[PDB]
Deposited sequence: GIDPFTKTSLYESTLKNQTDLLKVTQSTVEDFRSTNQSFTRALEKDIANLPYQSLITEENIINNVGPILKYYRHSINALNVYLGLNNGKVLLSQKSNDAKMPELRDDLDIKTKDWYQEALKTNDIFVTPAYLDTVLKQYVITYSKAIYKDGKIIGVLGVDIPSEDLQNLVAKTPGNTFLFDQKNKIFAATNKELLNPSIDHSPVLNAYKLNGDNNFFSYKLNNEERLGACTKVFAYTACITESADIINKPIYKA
């Protein structure tokens, strides 16, 4: 509508709407992370509460920690749950034919960021998505150095398929999407946005000028669109819509 009063009413309404929906996608990402963190923390506590005797031989680690890894893996349908040791071995509970957790020596764990970085923080470390070597799926890893009496036991890892987060984001209302820490498209409600040749520089450029949660105007094929983005951990969450709501 031409009258500026009416246009402003449309603009303020749609800003609120789109900001709400962006928030839902932000919350989705947050809740995914915090659920996985809480799970990892719980597992750390159960391992560290074992007596040392149960932790200080490899056979005892297999027999006493293995079942805990397995139950926890099942409870959340994780892809892998594991404990890496300073001798380079990793006690691995992996999806797929119910075979018992095994101590693997061939996974080059001291070269891995999930291992290395866990020893450099007292927090849980969360990797970018990457191709798991074991099961050959893209995963987000949550890792945690486990200490008992101050003494390192090993580095706990939990691999959750990145597709789980992609699927949760896709389900949300609104034309929302998520870029990874290299500004590559990661997840979207509209699956077309995942074409790697799509040009996201208008939205990313507008975000760069405007900042988190600040609604902007931009152009596509000479038509006006409206959007907003915000940082959510190392991701960028955005929403966009046509400006026809305000212009027409």
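Against the full deposited sequence, the model leaves out several stretches, namely 97, 250-254.
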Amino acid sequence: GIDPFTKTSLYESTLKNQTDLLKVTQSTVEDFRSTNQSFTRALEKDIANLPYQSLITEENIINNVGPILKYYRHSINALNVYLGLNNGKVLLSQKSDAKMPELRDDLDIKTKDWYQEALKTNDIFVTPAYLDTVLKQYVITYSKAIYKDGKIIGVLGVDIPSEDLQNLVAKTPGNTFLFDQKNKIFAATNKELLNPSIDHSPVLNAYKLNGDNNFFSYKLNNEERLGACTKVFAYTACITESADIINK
From here on, numbers count along this sequence of modelled residues.
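Among other deposited entries of this protein with both flanking residues present, at least a third omit coordinates for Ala98. Note on 192-200 vs 39-47: mean CA B-factor is higher in 192-200. Between 101-109 and 86-94, it is 101-109 that carries the larger average Cα temperature factor according to the deposited entry. The entry lists C-alpha B-factors for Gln26, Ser217, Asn64, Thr57, and the highest of these is at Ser217. Sort the modelled residues of the chain by CA B factor and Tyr52 lands in the middle third. Split the chain's modelled residues into thirds by C-alpha temperature factor. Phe186 is in the middle one. Annotation for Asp212: CA B-factor lies in the highest third of the chain's modelled residues. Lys136 sits in the highest third of its chain by CA B factor, as recorded in the PDB entry.
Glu30: CA B factor in the lowest third of modelled residues in this chain (values from the PDB entry).
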